[PDB]
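Participant: as they sit in the full assembly, here are the leading chains:
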Amino acid sequence: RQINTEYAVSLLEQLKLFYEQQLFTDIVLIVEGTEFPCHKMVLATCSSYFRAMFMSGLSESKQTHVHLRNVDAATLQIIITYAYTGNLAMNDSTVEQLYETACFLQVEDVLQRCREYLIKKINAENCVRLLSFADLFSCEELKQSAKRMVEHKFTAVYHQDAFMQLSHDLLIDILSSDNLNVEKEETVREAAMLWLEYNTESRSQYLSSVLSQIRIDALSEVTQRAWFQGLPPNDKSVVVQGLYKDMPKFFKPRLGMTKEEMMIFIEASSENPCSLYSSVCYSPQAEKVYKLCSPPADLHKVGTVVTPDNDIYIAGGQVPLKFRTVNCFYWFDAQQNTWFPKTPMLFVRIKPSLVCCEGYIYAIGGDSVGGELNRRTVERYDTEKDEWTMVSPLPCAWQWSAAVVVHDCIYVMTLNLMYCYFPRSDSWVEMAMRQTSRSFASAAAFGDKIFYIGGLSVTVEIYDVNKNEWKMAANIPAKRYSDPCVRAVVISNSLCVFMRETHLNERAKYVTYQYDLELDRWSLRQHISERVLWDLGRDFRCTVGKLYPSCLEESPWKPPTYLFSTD
Amino acid sequence: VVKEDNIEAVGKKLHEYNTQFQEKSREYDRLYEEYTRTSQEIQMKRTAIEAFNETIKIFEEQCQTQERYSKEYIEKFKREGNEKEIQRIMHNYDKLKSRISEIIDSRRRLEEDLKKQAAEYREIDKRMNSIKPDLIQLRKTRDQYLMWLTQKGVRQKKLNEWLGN
């Protein structure tokens, strides 16, 4: 039936008006001296606790004064304000006490809202505290989310004071999990040692349970260092995705010992012409084809941001016109390998160029043309506040401008107006630029001297920042004139490119190049074969970030050999 | 062409053979893809089993290192009447032996996986060896029919439309 909602809202606003002037107040709740007159029906039809307390037919339904203990006055006031309206005003300062009061009062709506709010607000500073909270209050979803977050950044959060005050079950369930993102077992060993020495008089009996969870006879990646590295070129990654899989889980190499440099191909293309905005991850070591889910809700024109902790992110976005410009934010995880929805921005960034300047992602322009107050708007990415504070905006429209941080100072070279993009002073001190006013200048983290190869015209200009000098190398080897499909990459902190200059058909000629700085010469690194690597585009996002091949969808879907000579 | 000259009937044959030929090329490149995936499968396995071998070797090295410890620094951990201090090599020995047993079982699992995948690969590898003479024979008959039957009033576009079905 179409239950009337027009009468429902008038009755609700009338009940609120009556409650504000204290009419028909039949119950009086006493919390730590403070009195609150209220109606029994509203508390019953909102909280299952009050419903059971009133429907019992005892003196609680007859006495007008009810003393509620272990309940905060502010939380009870917020609950009543929800009981008489339904809108919840939650904040990061009083969300845990509100959730405690709700679970003590059993308000399904408030409980679910606080649960989802805590889930969508797990950061790397409260992960352990929220995990302890969920363990104390038995919230399985929040507990699992906080456990995954701790496993993702264990080496960064095991120093917090909340980690040493954890219970025994939390320790034995965190250490036993094979999802610990640690490069060496010594980190987990020292974490267990500091945990057991934090409070010795109460944990002296748990030393056996502590030592039984740390893998000592694992010898994951040291045994390969003992015998030799003798294998096909860098085939240690194949052993990673082999020995790990088949393991009794007691000597298993932790997930952090599987993290290996991976080519995160965001908004990439595939052999299928329909999937021209899909995603195919690649390993520059094991030479294997993996699958990726770069588009979350078919979100295109986004901006990949890999943090130093290897956490790929996205900015702005564009859903297919139901392109419908959207702002839904998404964070690519590594353990679950999924995009996490969060607070949307105020400006739709069209394929933005952003980096973690000073460990802090900034929304360096990466928009369109039509107003400096609307587009080209550098913002800030509040990590713990999960907010998007606006900062000094980019003066002119600068598109296809690779954003590269240099000495904790963004040095984004534009068409022909480079500035001193400051991550602290937020100013545009015109920095040494060039004379070629062109964009499409591919550049990755190349250290002191950056190289903005590209111009759609592939001059390898040297970008000296310390000496503030301006030299030049040469050009990309081609024929009469090759097509500039420069894709500057940074594999394991190196000066390389993914030039896809199509020559003799074969989709695009994917040839990686070796850039010299001390010799300042011109060489070639590797040559990605087209037998597996099919159409991938000419200027698509190709970030490089350490990722687990075990968690990466292991799906090649690309037949190698073709063109049989049988005819 | 079974001594026929209806031209239209001879063309209908042409199409029937067209189907047979097309079906073959599809199964031919399918068998090629199977060959390639099986090749990379035994490659990923020959590397995993040699990794297993070298791990068993280094574990035997640790086993004899335990005997070396039974003469290096065991003098100050056995004559004192304590058992918790020796657990660093004594409780790390029995579980190492159990690890040896379970990785031997895992190696047997990988070996039976190898033989079963080799069986399921050779049961179709023999099909490749038998379908290729028939395939080239059908292609030779098609090429022979392309000299006479095609010159009896059929168009190249008609052949392409018969290639689609």
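Facilitator: Arrived safely. Numbers count the residues shown, from 1 in each chain, chains lettered A, B, ... in the order given.
Participant: C-alpha only now, for contacts and for neighbours.
Facilitator: Will do.
Participant: can you tell me the centre-most residue of the chain?
Facilitator: With no chain named, the answer covers chain A. Computing the C-alpha centroid of chain A and ranking residues by Cα atoms, centre = their mean puts residue A:331 first, at 3.4 Å.
Participant: chain B was what I was after
Facilitator: Centroid check for chain B by Cα atoms, centre = their mean gives residue B:38 as the closest residue, at 1.9 Å.
Participant: hmm, that residue is touching residue B:121, no?
Facilitator: Yes. At 7.2 Å, residue B:38 and residue B:121 qualify as touching, with contact defined as Cα atoms under 8 Å.
Participant: what about the longest helix anywhere in chain B and chain A, touching?
Facilitator: Longest helix in chain B, counting residues (DSSP state H): helix B:8-72. Yes. Judged by Cα under 8 Å from any Cα of the partner chain, helix B:8-72 comes into contact with chain A through B:29, B:32, B:33, B:36, B:44, B:47, B:48, B:51, B:52, B:54, B:55, B:58.
Participant: contact partners for the fourth one?
Facilitator: If you count contacts by Cα atoms under 8 Å, 6 or more residues apart in numbering or on different chains, residue B:36 has them with A:559, A:560, A:561.
Participant: build in chain C:
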Amino acid sequence: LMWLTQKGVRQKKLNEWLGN
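Facilitator: Now chain C, sitting on the chains shown earlier:
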């Protein structure tokens, strides 16, 4: 042809050099 046309030799210009 995978070098001159790749540089920017328009097909119309190629026809002029193919016609003289």
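Participant: how about the residue nearest to the centre of chain B, what does it touch?
Facilitator: Contacts for residue B:38 (Cα under 8 Å, 6+ apart) come out as residue B:121.
Participant: could you check how far the residue nearest to the centre of chain A is from residue A:129?
Facilitator: 22 Å (Cα to Cα, to the nearest Å).
Participant: can you map out the strands along the stretch 451-567 of chain A?
Facilitator: A:461-463, A:470-472, A:488-489, A:496-500, A:510-515, A:522-524, A:541-547 (DSSP state E, counting those that start in this stretch).
Participant: distance to chain C for those - can I get that in a markdown table?
Facilitator: Output for those, formatted as a markdown table (distance: least, Cα to the nearest Cα, whole Å):
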| stretch | distance to chain C |
| --- | --- |
| strand A:461-463 | 21 |
| strand A:470-472 | 23 |
| strand A:488-489 | 22 |
| strand A:496-500 | 14 |
| strand A:510-515 | 16 |
| strand A:522-524 | 21 |
| strand A:541-547 | 24 |
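Participant: chain B: which of these is closest?
Facilitator: Chain B lies closest to strand A:541-547 among those, at 20.0 Å (Cα to the nearest Cα).
Participant: and then chain D:
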Amino acid sequence: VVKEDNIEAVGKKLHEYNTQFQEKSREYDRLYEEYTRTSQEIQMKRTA
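Facilitator: Putting chain D onto the chains we already have gives this:
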């Protein structure tokens, strides 16, 4: 472009190659016509 890939130079070479190729196709079909006329000639001379 014979070690001269320099925009205008690369393209001027392309034109020289165009000439060379054109001269050949003309002499090629001319030699084909000569082949055909000589074929019919020896056929008429053998029937004679």
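Participant: sorry, back to before: tell me which helix or strand the residue nearest to the centre of chain A sits in.
Facilitator: strand A:329-332 (DSSP states H and E).
Participant: beyond that strand, next helix or strand please.
Facilitator: strand A:339-342.
Participant: taking chain B, what residue is nearest to chain C?
Facilitator: Closest contact between chain B and chain C, by Cα to the nearest Cα, is at residue B:157 (28.5 Å).
Participant: in the stretch 151-300 of chain A, which spans are strands?
Facilitator: Applying DSSP E, counting those that start in this stretch to the stretch 151-300 of chain A gives strands spanning A:260-266.
Participant: what distance do you get for the residue of it found nearest chain D to chain C?
Facilitator: Closest to chain D within the stretch 151-300 of chain A is residue A:269: 31.9 Å, counting by Cα to the nearest Cα. Distance from residue A:269 to chain C, counting by Cα to the nearest Cα, to the nearest Å: 22 Å.
Participant: next up, the contacts around that residue.
Facilitator: A:275, A:276, A:277, A:278, A:279, A:280, A:535, A:536, A:537.
Participant: can you rerun that using 7 Å?
Facilitator: Contacts for residue A:269 (Cα atoms under 7 Å, 6 or more residues apart in numbering or on different chains) come out as A:275, A:276, A:277, A:278, A:279, A:535, A:536, A:537.
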